Structure formats: C-alpha cells, structure tokens
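Cβ coordinates were reconstructed from backbone atoms using ideal geometry, including for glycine residues, and neighbour counts include every protein chain displayed. Derivation of every value follows stated rules applied to the coordinates shown; laboratory data play no part.
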Number of protein chains: 2
Amino acid sequence: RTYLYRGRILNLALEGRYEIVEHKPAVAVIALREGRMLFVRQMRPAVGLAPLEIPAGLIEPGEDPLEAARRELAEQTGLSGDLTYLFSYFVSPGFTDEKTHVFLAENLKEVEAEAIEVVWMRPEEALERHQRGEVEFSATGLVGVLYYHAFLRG
Amino acid sequence: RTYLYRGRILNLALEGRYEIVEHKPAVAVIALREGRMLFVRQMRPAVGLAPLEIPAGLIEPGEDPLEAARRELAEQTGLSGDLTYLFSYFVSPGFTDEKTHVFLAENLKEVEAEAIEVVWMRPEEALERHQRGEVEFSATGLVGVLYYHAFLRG
Ligand SMILES: Nc1ncnc2c1ncn2[C@@H]1O[C@H](COP(=O)(O)OP(=O)(O)OC[C@H]2O[C@@H](O)[C@H](O)[C@@H]2O)[C@@H](O)[C@H]1O
Ligand SMILES: Nc1ncnc2c1ncn2[C@@H]1O[C@H](COP(=O)(O)OP(=O)(O)OC[C@H]2O[C@@H](O)[C@H](O)[C@@H]2O)[C@@H](O)[C@H]1O
Ligand SMILES: [Mg+2]
Ligand SMILES: [Mg+2]
C-alpha cells in the first residue's frame, strides 16, 4: 500500500489498483425521549447541505468506542445518559475503512448548556419528511430511524 | 475546491481546511424471500475482510438509481424483480459525498446463472452472528437488517 496523501481525518492510499481512504473509526448515539429522537444537523461541506444525523463523531487517541460516544453526546447536545453498545458497520467498505460503532442512550440528563443544531424529532416525522424530499439522511440518521421502528416502539 | 487527485471511483479535493472525497452515487437492494434476506460478500481490500452487504453498486453514466439497482441485482445475483424506491442516505457526510439510494425488490426471478458470494440468510441470524462478533456489516447490510425488522415481519 502506497500513500498519496496523509491528512487530518484521512489518508489516501493505493493498494494495487484499489484506491483506499483510511479514516478514523466513528461512533453514533441513538437516543429517544417522549417519542422524539435526538437528531443533529450541521453544514457539511462534503455534500453542500445539512443532512439529518444523530450525535456522532470520531474516536480520539486513547479513547474506546464507549468513551467517544459519551464525549460526542455531551459536546454536541450537552447531555449524558446510560449507554449500551448496539452494533457496528463499515460506512462504505468499497473504498474506505471507516467503521461506525452505534450506541443506544437512555435516562438522558443535561450536564452542560452553535455550529451543530439539536433537532428533537419523532422518527416517524423524519421519515415522512425524507420521503417528501424535504430532508436528507446521513447513514447514522437513517440507522437511528430504522432502529427505532424495529425495536423501540410501543 | 482544489483537487489533489482524480481517480477511478474517487477524487480527493480540498475546500478550505476541509478534506473532501468525491465519489459516485450508489444503490443497494433489499430483497426478502421465504424469510431469508439476500446478502452478498466479497473481499474488500479497504477493510481487509468480507463484510455482510446486500446487492449494491455504483451508478454508471447515463443510468438513474432504479436502472443501476436493476443492473447490480442481476450482475451480482443473477436475479431480477419488481423494485420500489425506499430512501437514500449519505454514507459519511463528514468527508465524502457518496449518496446511496436504497430499493426493495419483490417477486424475484432468476434471469441469469465468482468474486461475489451470494449469501441468503435470515436477518435474525445475521444480527445474532454480528452480535456474536462473527460477521461485520456494511452500512447497506445493516440498513437491510433493520429495515426488515421494522417493516417486513409477519
Ligand atoms: N477502492 C476501489 N478503487 C478502485 N476500483 C474499485 C474499488 N472497489 C471496487 N472497485 C472496482 O469497481 C467494480 C465494482 O463496481 P460496483 O458495481 O460498483 O460494485 P461494488 O464495488 O462491489 O459495490 C459498490 C458500493 O457498495 C459498497 O460496499 C461500496 O462502498 C460501494 O459504494 C469492480 O469491478 C472493481 O474493479
Ligand atoms: N472533511 C473534513 N476534513 C477535515 N476536518 C474535518 C472534516 N469534517 C469535519 N472536520 C473537523 O473535525 C471536527 C469534528 O469532529 P467530530 O467530533 O468527529 O464530529 P463530526 O465531524 O461533526 O461527525 C463525525 C462523523 O459523523 C459523520 O457525519 C461523519 O461522516 C463522521 O464520520 C470539527 O471540529 C472539524 O473542524
Ligand atoms: Mg469527536
Ligand atoms: Mg456497478
């Protein structure tokens, strides 16, 4: 594997004819309260718009998935809760090694008090808005919506 | 936006301090038959292993999402069916613009007869195997599993 670029959050490598983008692993937090899911939005230069996501971020040096999940939740929404590991997935294995660890957060409590918009919204509404072409989803946002519909109803 | 590299399936650009990887849009197909979901596996150099995915691929020039979905399904599994658009998501909006359009396939029929392994498996089994640390998920594979659990049971 030869490297053509070593950047901040990614390295561009070449493994034969395969173009490979190395990327730090990430975490995402699914949190439901009073029927609303905790989404977040921020301008994403890579896509030119603000998709609907759930609290997510990169795992920092010395951090394990659970600790990163806790930090991301607090820094982006000012909340903390009881976290449970759910599952993980490679965002796009065809070209990048970015792996995302998803957690569920319960018993949320505000521990703290601008570039990231906190968007509490019923998953049913996020889905319909998306179906209407009004809002876009990040993989984390869609996973949160589907997860809710499958195991958090009732 | 300045470009540091223009490759086969991706371009590495720089927009200010933001590192941006341009990538063609993709499609993914969710198909269920007799309680089993249609997964596929192939060695992915980017991650060094074969994660559980669902039929997916890049949209080619002149192709729209639906046509790409049809082509991918046939080329990877030799099947065709009635496709319905479900939703879309950006795989990792924090650095790439890759957008994936997900479809549901029904009334599958074999129209055709080696690098891609066709893996028919009950979503419940894929989830438990993953939870056991035996198999990894691509975002498409996880989305398929969650989608099934939320709307295809019974
Ligand atoms: N990192 C890569 N760099 C260059 N060429 C690649 C790479 N990965 C695959 N290819 C080439 O592209 C062809 C595959 O085309 P597709 O039809 O798009 O199918 P596939 O790549 O297997 O799945 C595509 C989509 O699913 C996700 O897992 C993946 O992230 C991608 O967005 C193959 O013949 C292969 O030679
Ligand atoms: N393309 C980029 N290139 C360089 N730096 C970036 C980029 N995108 C964001 N950053 C920097 O990284 C910091 C964000 O760190 P994180 O805690 O990781 O949170 P965030 O990037 O907002 O979400 C991370 C994860 O969610 C997905 O949407 C995204 O694909 C990523 O895997 C910000 O302060 C910002 O300056
Ligand atoms: Mg972070
Ligand atoms: Mg293709």
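Observations, loosely collected:
- The charge dipole of the protein assembly as shown, taken about its Cα centre with unit charges on the Cβ atoms of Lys, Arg (+1), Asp and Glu (-1) only, comes to about 160 debye.
- Taking the helices alone, chain A has a mean residue ellipticity at 222 nm of -6000 deg cm²/dmol, built from -39,500 (n - 2.57) per DSSP H run of at least 4 residues and averaged over all its residues.
- Based on Cα atoms of segment B:55-109, Rg over Rh with Rh as the Kirkwood radius reads 1.00.
- Between the amide H of A:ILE20 and those of A:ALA13, A:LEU14, A:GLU15, distances stay under 5 Å, these residues lying 5 or more places away or on another chain, with hydrogens modeled in the peptide plane.
- For chain B, alpha-carbon Rg relative to the globular expectation (2.2 N^0.38 Å, N residues): 1.09
- Taking 0.692 mPa s as the viscosity and 37 °C as the temperature, the Stokes-Einstein diffusion coefficient of the protein assembly as shown based on its alpha-carbon Kirkwood radius rounds to 166 µm²/s.
- Label points for A:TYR3 are taken 7 Å from Cα along Cα→Cβ. From this copy to the others they lie 2.4 nm apart, shortest first.
- Each residue of segment B:49-61 was assigned a 3J(HN,Hα) from its phi angle through the Karplus curve 6.51 cos²θ - 1.76 cosθ + 1.60 (θ = phi - 60°); the sequence is 7, 9, x, 7, 10, 10, x, 8, x, 8, 7, 8, x Hz, with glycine and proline shown as x.
- For the pair segment B:20-94 / segment A:85-144, the C-alpha centres are spaced 21 Å from each other.
- Considering only B:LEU14, B:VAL118, B:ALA50, and ranking their Cα positions along the charge dipole of chain B that arises from unit charges at the beta-carbon of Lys, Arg, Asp and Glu, the one farthest toward the positive end is B:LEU14.
- Projecting the Cα atoms of B:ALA28, B:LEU104, B:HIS130 onto the dipole axis of chain B, where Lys and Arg carry +1 and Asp and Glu carry -1 at the beta carbon, places B:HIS130 farthest toward the positive end.
- Computed magnitude of the charge dipole of chain A (debye, nearest 20; Cβ of K, R +1, Cβ of D, E -1): 320 debye
- What separates the B:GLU60 label point from its copies, with the point 7 Å along Cα to Cβ, is 4.7 nm, written shortest first.
- Amide H within-cut-off set for A:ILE30, under 5 Å, with H built and near neighbours excluded: A:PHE103, A:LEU104, A:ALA105
- Ignoring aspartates and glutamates fewer than eight residues from A:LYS109 along the same chain, the ones with Cα atoms less than 17 angstrom from its Cα are A:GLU34, A:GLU67, A:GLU72, A:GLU75, A:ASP82.
- Computed from backbone phi, the HN-Hα couplings of segment B:13-23 come to 10, 10, 10, x, 9, 7, 8, 10, 9, 7, 8 Hz, rounded to whole numbers (Karplus: 6.51 cos²θ - 1.76 cosθ + 1.60, θ = phi - 60°; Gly and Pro given as x).
- For A:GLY48, the distances from its label point to the matching points in the remaining copies are 3.7 nm, ordered from shortest, with each point set 7 Å beyond Cα toward Cβ.
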